[PDB]
Each structure stands twice: as structure tokens, then as C-alpha cells.
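Notes to accompany the following structure.
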Amino acid sequence: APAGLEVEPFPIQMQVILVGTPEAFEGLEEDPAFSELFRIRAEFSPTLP
Amino acid sequence: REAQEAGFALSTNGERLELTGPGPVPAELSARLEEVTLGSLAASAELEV
Amino acid sequence: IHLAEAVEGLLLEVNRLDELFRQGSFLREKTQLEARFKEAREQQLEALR
Amino acid sequence: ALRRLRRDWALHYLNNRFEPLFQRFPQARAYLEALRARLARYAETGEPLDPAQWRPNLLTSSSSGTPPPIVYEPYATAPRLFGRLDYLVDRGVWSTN
Amino acid sequence: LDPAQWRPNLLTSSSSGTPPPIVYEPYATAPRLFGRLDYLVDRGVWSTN
């Protein structure tokens with residue numbers, strides 16, 4: 001940066017939906033901040049009736 | 001015409017112009033002179049664009 | 001988007017500002033101001049002489 | 001004194017053009033005035049102006065909520081996640097806007 | 001006399017004590033906690049004040 005830019009952080013008004021395998025979420029569910037941020041577990045059943 | 005109205009001669013040296021006559025020209029005459037100079041500059045710019 | 005074209009218009013109003021500086025009244029005021037200042041200048045010069 | 005006179009004339013002229021902007025956009029009242037503060041500077045000191053540093057950057061496409069703005073990043077990287085801020089090199093001169 | 005090198009650098013958030021100065025850092029880092037001293041780059045020249 002020559003002098004940089006004082007860009008105050010962009011507000012986050014969205015809904016963030018994270019999609020992935022259960023194993024990938026076995027290394028991203030330890031954080032208490034995780035269960036505070038995301039608390040809606042939409043588990044896809046690997047089988048259907 | 002405004003210059004000879006007061007008995008002053010308008011000397012056209014080029015883009016810049018000068019008034020020759022008895023004593024200093026009135027502030028209104030100098031304002032008109034500068035207005036004409038700036039208008040000529042802006043008119044050249046308008047012509048080229 | 002409306003902000004975008006409004007900002008573009010304001011940006012191009014620099015020429016409007018220049019034309020405002022080309023107006024007769026503003027130029028008369030500027031010439032009269034430099035008139036008092038130069039007047040003080042030759043007042044000091046006359047005092048010295 | 002000439003600088004002050006030019007500043008005064010600039011402020012006198014900019015109010016009538018900025019007030020309709022304030023009426024239609026009271027939320028931009030800061031930036032507009034700030035933008036006017038840039039134009040007021042332009043007249044007073046006689047400084048130049050950069051239109052790339054004083055132009056509203058747009059990020060999100062305007063939507064009515066149907067369909068909802070949906071973006072999925074298969075390759076999540078900070079330049080693509082939160083965006084990025086890019087810089088310009090002009091023969092070694094570092095610039096940004 | 002450089003104005004930037006001889007100007008006070010106000011840090012304290014002035015308060016009456018009720019409520020007292022309350023500062024909370026969810027994210028703790030040395031620049032955030034202890035402050036920082038920045039520098040300017042002028043075509044490759046490092047400057048400090």
C-alpha cells in the first residue's frame with residue numbers, strides 16, 4: 001500500500017448457509033462461536049423412503 | 001465597444017488582451033477583459049471537443 | 001445507480017464551477033479586491049517616495 | 001483573499017444543486033456534502049480532482065428479493081470471499097482509488 | 001516547523017467517569033491493544049511523524 005485505504009468494514013446483513021460433508025464439519029464444529037453462529041443443522045438423509 | 005465607450009483602446013495581443021488609455025481602466029472593464037479571455041479559452045476547448 | 005449518475009453530473013459540474021468563475025459579478029468582485037490590494041501597494045510606495 | 005472569494009462562490013453555488021440530492025437521498029447526506037466538500041476544495045485551493053477516487057463503488061446488484069440474491073463460492077478465498085482492494089503501479093508510482 | 005512532527009496525538013477517549021471508559025476487544029492483537037505507529041510511503045521513501 002502507498003497509504004492504504006481506511007475502508008470501514010462492510011456490514012453483513014446476509015444469511016450464510018454452509019454446505020458440506022459431515023466429516024468436513026467434524027473439524028469446524030468444535031468452536032463455541034460456531035454453535036453460536038450456526039445453530040440450524042439441515043442434515044440431508046443419505047437415503048429416502 | 002465597451003472599451004471605446006469609456007474612451008479606452010482594446011489592444012489584442014493574442015489570447016491575452018490589454019487596455020491602453022488614460023489612467024487605470026475601471027474594475028468592471030478589467031472584469032469584462034478577463035471574462036472575454038476566459039470565454040475565448042473555454043470556446044477553444046468547446047471547438048476542439 | 002441513481003447515485004452513480006448524480007455523482008457523474010456533479011463531477012462534470014467542474015466546468016459549471018469554471019463558468020461561475022467566468023461570471024461578470026464574480027470577476028467584478030475579484031477585480032475590485034485586487035484593486036484594494038494594489039491600492040494599498042502604491043499607497044505604501046507613495047509613502048516611501 | 002482570492003482563494004476565500006472562490007471558496008465562497010463555490011459554496012453559494014453548490015447548495016442549490018446539492019439540496020435536491022439531499023431531498024431525494026437523505027441517507028447520502030454525508031457523502032454528498034463530503035463530495036461537495038471535495039468540490040469546495042477544488043475551487044478554493046485550485047487543486048485538481050480525481051473522478052476515480054470520488055465515485056460510488058457498487059457491489060451488489062439491486063434485487064427485489066425474488067429471486068433472493070444468491071451467491072455460492074466453490075473456491076472460497078479471501079480475495080473472492082470478502083473481496084479485495086487492488087492497487088496500481090505507474091512506472092513504480094503506487095496509486096489507489 | 002513541521003506541523004505533522006510537532007502536533008499532539010490525542011489518544012484518550014474523554015469521559016466524565018459515569019459511564020466510565022469501557023473498551024472491549026473481542027479480537028485481541030498487539031496493534032489493537034497497544035496501538036501502533038504507522039508510516040508513509042512516498043515513491044519508496046519511508047516517512048514517520
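Labeling convention for the C-alpha cells: chains A, B, ... as they appear, residues from 1 per chain, ligands from 1 in order of appearance.
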
Find the residues near segment 28-41 of chain B: any atom within 10 Å, counting only C-alpha atoms, skip ones fewer than 5 places away on the same chain, and give them as a VMD selection string. (chain B and resid 2 to 3 6 8 10 14 to 19 46 to 47) or (chain C and resid 18 to 19 21 to 32)

Next, the residues of the selection above should be written as a CSV table (one decimal), in the first residue's frame with C-alpha atoms.
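Just written: part-v9.csv:
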```csv
chain,number,residue,atom,x,y,z
B,2,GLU,CA,-17.4,48.8,-24.1
B,3,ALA,CA,-13.7,49.8,-24.1
B,6,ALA,CA,-15.1,54.9,-21.8
B,8,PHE,CA,-10.1,53.3,-23.9
B,10,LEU,CA,-8.6,47.5,-26.7
B,14,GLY,CA,-3.3,37.4,-28.7
B,15,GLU,CA,-5.2,35.2,-26.2
B,16,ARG,CA,-4.3,37.8,-23.6
B,17,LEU,CA,-5.7,41.3,-24.2
B,18,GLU,CA,-4.8,44.7,-22.8
B,19,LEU,CA,-6.5,48.1,-22.5
B,46,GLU,CA,-15.6,23.6,-26.9
B,47,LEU,CA,-14.5,23.9,-30.5
C,18,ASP,CA,-15.3,27.3,-14.0
C,19,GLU,CA,-18.2,29.2,-15.7
C,21,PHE,CA,-15.7,31.9,-12.1
C,22,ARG,CA,-16.3,33.3,-15.6
C,23,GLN,CA,-19.4,35.2,-14.5
C,24,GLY,CA,-19.4,39.0,-14.6
C,25,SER,CA,-20.3,39.6,-11.0
C,26,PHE,CA,-17.6,37.3,-9.6
C,27,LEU,CA,-15.0,38.8,-11.9
C,28,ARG,CA,-16.0,42.3,-10.9
C,29,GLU,CA,-15.7,41.3,-7.2
C,30,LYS,CA,-12.2,39.8,-7.9
C,31,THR,CA,-11.0,42.8,-9.8
C,32,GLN,CA,-12.3,45.1,-7.0
```

For segment 72-87 of chain D, work out the shell of residues within 8 Å, counting only C-alpha atoms and skipping chain neighbours fewer than 5 positions away, then give it as a PyMOL selection string. (chain A and resi 1) or (chain D and resi 94-97)

What would the file look like if the residues just selected were written as a CSV table (one decimal), in the first residue's frame with N, CA, C and O atoms?
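Final file, again.csv:
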```csv
chain,number,residue,atom,x,y,z
A,1,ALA,N,0.8,-1.2,0.0
A,1,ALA,CA,0.0,0.0,0.0
A,1,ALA,C,0.9,1.3,0.0
A,1,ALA,O,1.8,1.4,0.8
D,94,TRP,N,3.0,4.2,-6.8
D,94,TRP,CA,1.9,3.4,-6.2
D,94,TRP,C,0.6,4.3,-6.0
D,94,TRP,O,0.7,5.4,-5.4
D,95,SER,N,-0.5,3.9,-6.6
D,95,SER,CA,-1.7,4.7,-6.5
D,95,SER,C,-2.9,3.7,-6.2
D,95,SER,O,-2.8,2.5,-6.4
D,96,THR,N,-4.0,4.3,-5.7
D,96,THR,CA,-5.2,3.6,-5.4
D,96,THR,C,-6.3,4.6,-5.5
D,96,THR,O,-6.2,5.8,-5.4
D,97,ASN,N,-7.5,4.0,-5.6
D,97,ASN,CA,-8.8,4.8,-5.6
D,97,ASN,C,-9.9,4.0,-5.0
D,97,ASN,O,-9.7,2.8,-4.7
```

For chain E versus chain D, which residues have an atom no more than 9 Å away, and what is each residue's nearest atom pair and distance in Å rounded to one decimal, using only C-alpha atoms, chain-then-number order, as JSON lines?
```
{"residue": "E:41", "atom": "CA", "partner": "D:94", "partner_atom": "CA", "distance": 8.9}
{"residue": "E:42", "atom": "CA", "partner": "D:94", "partner_atom": "CA", "distance": 8.7}
{"residue": "E:43", "atom": "CA", "partner": "D:93", "partner_atom": "CA", "distance": 5.8}
{"residue": "E:44", "atom": "CA", "partner": "D:93", "partner_atom": "CA", "distance": 8.5}
```

Just to be explicit: take each residue in the selection above, keep C-alpha atoms, and write the result as an mmCIF file, in the first residue's frame.
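File out_7.cif, as written:
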```cif
data_model
loop_
_atom_site.group_PDB
_atom_site.id
_atom_site.type_symbol
_atom_site.label_atom_id
_atom_site.label_comp_id
_atom_site.auth_asym_id
_atom_site.auth_seq_id
_atom_site.Cartn_x
_atom_site.Cartn_y
_atom_site.Cartn_z
ATOM 1 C CA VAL E 41 5.493 5.682 1.580
ATOM 2 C CA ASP E 42 6.368 8.498 -0.844
ATOM 3 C CA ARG E 43 7.553 6.848 -4.095
ATOM 4 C CA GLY E 44 9.631 4.448 -1.975
#
```

What are the closest atom pairs, with distances in Å to one decimal, for each residue of chain A lying within 12 Å of chain E, using only C-alpha atoms, rows by chain and rising residue number, as CSV?
```
residue,atom,partner,partner_atom,distance
A:1,CA,E:41,CA,8.1
A:2,CA,E:41,CA,5.3
A:3,CA,E:40,CA,6.2
A:4,CA,E:40,CA,9.6
A:33,CA,E:26,CA,11.5
```

Write the residues of the preceding selection, restricted to C-alpha atoms, as a compact mmCIF listing (two decimals), in the first residue's frame.
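Saved as selection-v4.txt:
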```txt
# COMPACT_ATOMS: atom_id res chain seq x y z
CA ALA A 1 0.00 0.00 0.00
CA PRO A 2 1.19 3.54 -0.76
CA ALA A 3 -1.03 4.88 2.03
CA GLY A 4 -3.74 2.23 2.04
CA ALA A 33 -18.55 -19.50 18.34
```

Distance query segment 31-48 of chain D at most 6 Å, only C-alpha atoms, self and fewer than 6 positions along chain excluded, as a CSV table (one decimal) with N, CA and C atoms, in the first residue's frame:
```csv
chain,number,residue,atom,x,y,z
D,3,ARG,N,-8.6,33.2,-2.9
D,3,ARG,CA,-9.0,31.8,-2.6
D,3,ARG,C,-10.3,31.8,-1.8
D,6,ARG,N,-13.3,32.6,-4.1
D,6,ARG,CA,-13.6,31.4,-4.9
D,6,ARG,C,-14.3,30.4,-4.0
D,7,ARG,N,-13.8,30.2,-2.8
D,7,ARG,CA,-14.5,29.2,-1.9
D,7,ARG,C,-15.9,29.6,-1.6
D,10,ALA,N,-18.1,29.1,-4.6
D,10,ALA,CA,-18.4,27.6,-4.8
D,10,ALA,C,-19.4,27.1,-3.8
```

Please report as a tab-separated table every residue of chain A lying within 12 Å of chain D, along with the nearest atom pair and their distance in Å (one decimal), using only C-alpha atoms.
```
residue	atom	partner	partner_atom	distance
A:1	CA	D:94	CA	7.4
A:2	CA	D:94	CA	5.5
A:3	CA	D:95	CA	8.6
A:4	CA	D:96	CA	7.7
A:5	CA	D:96	CA	8.1
A:6	CA	D:85	CA	11.1
A:7	CA	D:85	CA	9.5
A:9	CA	D:82	CA	9.9
A:10	CA	D:82	CA	8.9
A:11	CA	D:82	CA	11.1
A:12	CA	D:82	CA	10.4
A:13	CA	D:69	CA	11.8
A:14	CA	D:69	CA	9.3
A:15	CA	D:70	CA	9.9
A:16	CA	D:72	CA	10.0
A:17	CA	D:72	CA	9.3
A:18	CA	D:72	CA	9.5
A:19	CA	D:72	CA	9.8
A:20	CA	D:74	CA	10.9
```

Distance-based interface of chain C with chain D, 8 Å, counting only C-alpha atoms, as a PyMOL selection string: chain C and resi 3-4+7-8+11+14+17+20-21+26+30+33

Mind checking DSSP for chain B and telling me the helix (DSSP H, G or I) residues as an mmCIF file with C-alpha atoms, in the first residue's frame?
```cif
data_model
loop_
_atom_site.group_PDB
_atom_site.id
_atom_site.type_symbol
_atom_site.label_atom_id
_atom_site.label_comp_id
_atom_site.auth_asym_id
_atom_site.auth_seq_id
_atom_site.Cartn_x
_atom_site.Cartn_y
_atom_site.Cartn_z
ATOM 1 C CA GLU B 2 -17.398 48.777 -24.097
ATOM 2 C CA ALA B 3 -13.739 49.843 -24.132
ATOM 3 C CA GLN B 4 -14.278 52.740 -26.549
ATOM 4 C CA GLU B 5 -17.396 53.700 -24.584
ATOM 5 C CA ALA B 27 -12.665 47.330 -12.329
ATOM 6 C CA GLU B 28 -15.741 46.498 -14.411
ATOM 7 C CA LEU B 29 -13.686 46.912 -17.593
ATOM 8 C CA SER B 30 -10.965 44.626 -16.213
ATOM 9 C CA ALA B 31 -13.650 42.101 -15.253
ATOM 10 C CA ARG B 32 -15.012 42.234 -18.803
ATOM 11 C CA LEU B 33 -11.485 41.763 -20.167
ATOM 12 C CA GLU B 34 -10.889 38.692 -18.007
ATOM 13 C CA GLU B 35 -14.354 37.366 -18.862
ATOM 14 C CA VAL B 36 -13.601 37.633 -22.580
ATOM 15 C CA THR B 37 -10.226 35.920 -22.119
ATOM 16 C CA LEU B 38 -11.723 33.025 -20.146
ATOM 17 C CA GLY B 39 -14.589 32.758 -22.622
ATOM 18 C CA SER B 40 -12.126 32.515 -25.502
ATOM 19 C CA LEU B 41 -10.275 29.722 -23.693
ATOM 20 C CA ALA B 42 -13.476 27.797 -22.956
ATOM 21 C CA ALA B 43 -14.629 28.381 -26.537
ATOM 22 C CA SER B 44 -11.421 26.897 -27.932
ATOM 23 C CA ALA B 45 -11.957 23.872 -25.689
ATOM 24 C CA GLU B 46 -15.565 23.599 -26.874
ATOM 25 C CA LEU B 47 -14.451 23.887 -30.500
ATOM 26 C CA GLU B 48 -11.953 21.046 -30.200
#
```

Name the residues of chain E that fall into strand (DSSP E) according to DSSP on the backbone, using the chain letters and numbers of this document, as a VMD selection string. chain E and resid 40 to 42 45 to 47
